[PDB]
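**Student:** Just passing along the structure, written as structure tokens.
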Ligand SMILES: *Cc1ccc(S(=O)(=O)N2CCC[C@H](O)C2)cc1
Ligand SMILES: *Cc1ccc(S(=O)(=O)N2CCC[C@H](O)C2)cc1
Ligand SMILES: [Cl-]
Ligand SMILES: [Cl-]
Ligand SMILES: [Mg+2]
Ligand SMILES: [Mg+2]
């Protein structure tokens, strides 16, 4: 759909769409940029991720409202039909993101920073599919999330310092996966604690600005540990 | 697009869409309900208005962000192109609402409550068109807003008490029209003051719940008077 | 200058 | 339980 627009113009418009809080537009501009076939810079990867996280975040919040109403009603067909409509739209967005990662962002990502970023995205979007999945391929979807997060973890632990914000955010989100999706709260708590402690011990190496970036995510790990223990 | 769904199901789904903050869906469900051809109840009119006010409100906020960036840049084509895209989408939504009012909500509205409600909507959506219009039909669009608001005012002053919330909201929005669109701040201030004072003198007739409804809108009139004087 | 918010039923 | 908000560049 964006084939006739220059890559640089799509990137510029994605930044404008963010400022205007037009996240569907932002995601469409960034999909167009990915489909130009060139690798993405750090900033461009963040624009892609921000766009889709906002789009799918609104869909997830709506699905949760509707699922709650539907569960109360089961204690006409309209609530189920509308929850299904939102669910299908959410699944379509997750499939779109996963398709960009598979064609061909991951295979072209050779540096640890880009490969970990994309594999964390892959884990996240399979996790969002798992949130709405029921039984049939719930297990296979959960395993796809776990596999993507695990590969990202393995690379991050070999190639990045323990304070790296992407490594920290990956560990945070994988811990949420364990707690909320995989029914493994002890694994979630262990991962969050080990991640926090190893980051704390590496803060001394950081500049003031890097310190602020890392400690912000550490506080999120602490916030979950406080809720889980 | 909604022709195969029952009217009652469209109304139910519009209420669910509101709870899920899915305002584009809400507007599409209510457009489908209007297109069934039956008049709307008070509650249904409010669902139609809430849906489109949220949709166009987000578009207007985005247009203002982009217009501000574009004006700063004029002190590549991308900012103008994207502002134009958002502007065209906004105009399309306003034209859709105006088309529902013209085919055939207004002509079938015989009671004062429904006719005033729809004419206030007509004034509002022409006002939103006027906010983005430049020169050519800016004047004709402004006159269309003014004409709709004036007819609504004339009916409201003959048929509704001065505390009626629709009469109050009509006067509030017409005063904003005078201040922001028609370059008539003195008319805006006069209308807001007279409306407030005539409502104050009628509060004694109201129940506790009606008092709360009317005084809430009176405070909005006061808030504008404080900003304008 | 504020119009009717009008965004909640 | 909170994941990365991740919604602002
Ligand atoms: C998964 C994830 C997303 C965002 C962050 S961040 O806000 O700390 N950040 C984005 C910009 C580049 C920084 O290196 C990381 C962290 C993890
Ligand atoms: C133009 C307008 C919109 C909404 C109101 S309200 O919030 O006071 N209200 C909506 C529900 C029915 C009430 O009679 C009015 C007022 C004016
Ligand atoms: Cl590469
Ligand atoms: Cl009638
Ligand atoms: Mg080119
Ligand atoms: Mg029928």
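Residue numbers (PDB author numbering), protein chains in the order written: chain A, -3 to 71, 78 to 231; chain A', -3 to 71, 78 to 231; chain P, 43 to 51; chain P', 43 to 51. A prime marks a further copy of an entry chain.
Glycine is no exception: its CB is placed at the ideal position from the N, C-alpha and C atoms.
Residue 49 of chain A' versus chain A: which residues are under 7 Å apart at the beta carbon?
**Tutor:** For the purposes of this step, residue 49 of chain A' is taken as the residue at position 53 of the second chain. Near residue 49 of chain A' there are no residues of chain A at all, since even the closest Cβ is about 17 Å away, more than 7 Å.
**Student:** Does the Cβ of residue 167 of chain A' lie closer than 7 Å to at least one heavy atom of ligand 2?
**Tutor:** What you label residue 167 of chain A' is simply residue 165 of the second chain in a count that begins at 1. Within the cutoff, so yes.
**Student:** So, using beta-carbon positions, are residue 92 of chain A' and residue 124 of chain A' closer together than 8 Å?
**Tutor:** Along the second chain, one-based indexing puts residue 92 of chain A' at 90. Along the second chain, one-based indexing puts residue 124 of chain A' at 122. For the pair residue 92 of chain A' and residue 124 of chain A', the CB atoms are not nearer than the 8 Å cut-off.
**Student:** Determine, for residue 109 of chain A', whether the minimum Cβ-Cβ distance to residues of chain A falls below 8 Å.
**Tutor:** Looking up residue 109 of chain A' in the second chain gives position 107. Chain A contact via Cβ: absent.
**Student:** Spell out whether any CB of chain A' is found under 8 Å from the CB atom of residue 9 of chain A.
**Tutor:** Residue 9 of chain A sits at position 13 when you count from the first residue of the first chain. Yes, residue 9 of chain A counts as interfacial toward chain A'.
**Student:** Does ligand 3 have a heavy atom nearer than 7 Å to the CB of residue 112 of chain A?
**Tutor:** On the first chain, position 110 is the one that residue 112 of chain A refers to. Checking the Cβ of residue 112 of chain A against ligand 3 gives yes.
**Student:** Give a single yes or no on whether residue 115 of chain A has its beta carbon closer than 7 Å to a heavy atom of ligand 3.
**Tutor:** Start at 1 with the first residue of the first chain, and residue 115 of chain A comes out as number 113. No, Cβ of residue 115 of chain A sits at least 7 Å from all heavy atoms of ligand 3.
**Student:** Hey, residue 226 of chain A and residue 194 of chain A: beta-carbon distance below 8 Å or not?
**Tutor:** One-based indexing of the first chain puts residue 226 of chain A at position 224. One-based indexing of the first chain puts residue 194 of chain A at position 192. Cβ atoms of residue 226 of chain A and residue 194 of chain A: closer than 8 Å.
**Student:** At a CB-CB cut-off below 9 Å, which residues of chain A' make contact with residue 12 of chain A?
**Tutor:** Position 16 of the first chain, counting from 1, holds the residue named residue 12 of chain A. By Cβ distance, chain A' contributes 61, 62, 65, 80, 81, 84 and 85.
**Student:** Any heavy atom of ligand 1 inside 7 Å of the beta-carbon of residue 215 of chain A?
**Tutor:** To locate residue 215 of chain A, count along the first chain from 1; it is residue 213. Within the cutoff, so yes.
**Student:** Taking all protein chains shown into account, decide if residue 50 of chain P is buried (16 or more other Cβ within 10 angstroms of its Cβ) or exposed.
**Tutor:** Counting from one through the third chain, the residue named residue 50 of chain P turns up at place 8. With fewer than 16 other Cβ atoms within 10 Å, it is exposed.
**Student:** Please tell me whether, using a cut-off of 7 Å, the distance from the CB of residue 31 of chain A' to the nearest non-hydrogen atom of ligand 6 is below it.
**Tutor:** By one-based count along the second chain, residue 31 of chain A' stands at place 35. Taking the Cβ of residue 31 of chain A' as the reference point, every heavy atom of ligand 6 lies at 7 Å or farther away.
**Student:** Mapping the DSSP letters down to three states, classify residue 226 of chain A' as helix, strand or coil.
**Tutor:** Indexing the second chain from 1 puts residue 226 of chain A' at position 224. Helix.
**Student:** Does the distance from the CB of residue 58 of chain A to the CB of residue 17 of chain A' come in under 8 Å?
**Tutor:** Taking the first chain and counting its residues from 1, the one referred to as residue 58 of chain A is at position 62. Taking the second chain and counting its residues from 1, the one referred to as residue 17 of chain A' is at position 21. Taking 8 Å as the Cβ cut-off, residue 58 of chain A and residue 17 of chain A' qualify as a contacting pair.
**Student:** Would you identify the three-state DSSP class for residue 207 of chain A', choosing helix, strand or coil?
**Tutor:** Sequence index remark: in the second chain, residue 207 of chain A' carries index 205 (1-based). Helix, per DSSP.
**Student:** With a cut-off of 8 Å, does the C-beta of residue 103 of chain A' fall near any C-beta of chain P?
**Tutor:** What you label residue 103 of chain A' is simply residue 101 of the second chain in a count that begins at 1. So no, residue 103 of chain A' is outside the interface.
**Student:** Considering just the uninterrupted stretch of the alpha helix (DSSP H) at residue 100 of chain A', what are its terminal residues?
**Tutor:** Position 98 of the second chain holds residue 100 of chain A'. Counting along the chain, the alpha helix (DSSP H) containing residue 100 of chain A' begins and ends at 80 to 102.
**Student:** For a cutoff of 8 Å on Cβ pairs, would you count residue 15 of chain A as touching chain A'?
**Tutor:** If you number the first chain from 1, residue 15 of chain A lands on position 19. Closer than 8 Å: yes.
**Student:** Would you list, in chain order, the members of the stretch 169 to 195 of chain A that have their beta-carbon closer than 7 Å to a beta-carbon of chain P'?
**Tutor:** When CB distances to chain P' are screened at a threshold of 7 Å, the residues of the stretch 169 to 195 of chain A falling below it are 171, 174, 175, 178, 181 and 182, in chain order.
**Student:** Is the CB-CB distance between residue 147 of chain A' and residue 132 of chain A' below 8 Å?
**Tutor:** The residue given as residue 147 of chain A' occupies position 145 in the second chain. The residue given as residue 132 of chain A' occupies position 130 in the second chain. Yes, they are a contact pair.
**Student:** Might you give, ordered along the chain, the residues of its own chain that have their beta carbon closer than 8 Å to the beta carbon of residue 208 of chain A, omitting 5 neighbours on each side?
**Tutor:** Here residue 208 of chain A refers to the residue found at position 206 when the first chain is read from its first residue. Cβ contact annotation for residue 208 of chain A (same chain, cutoff 8 Å, sequence separation greater than five): 165 and 216, in chain order.
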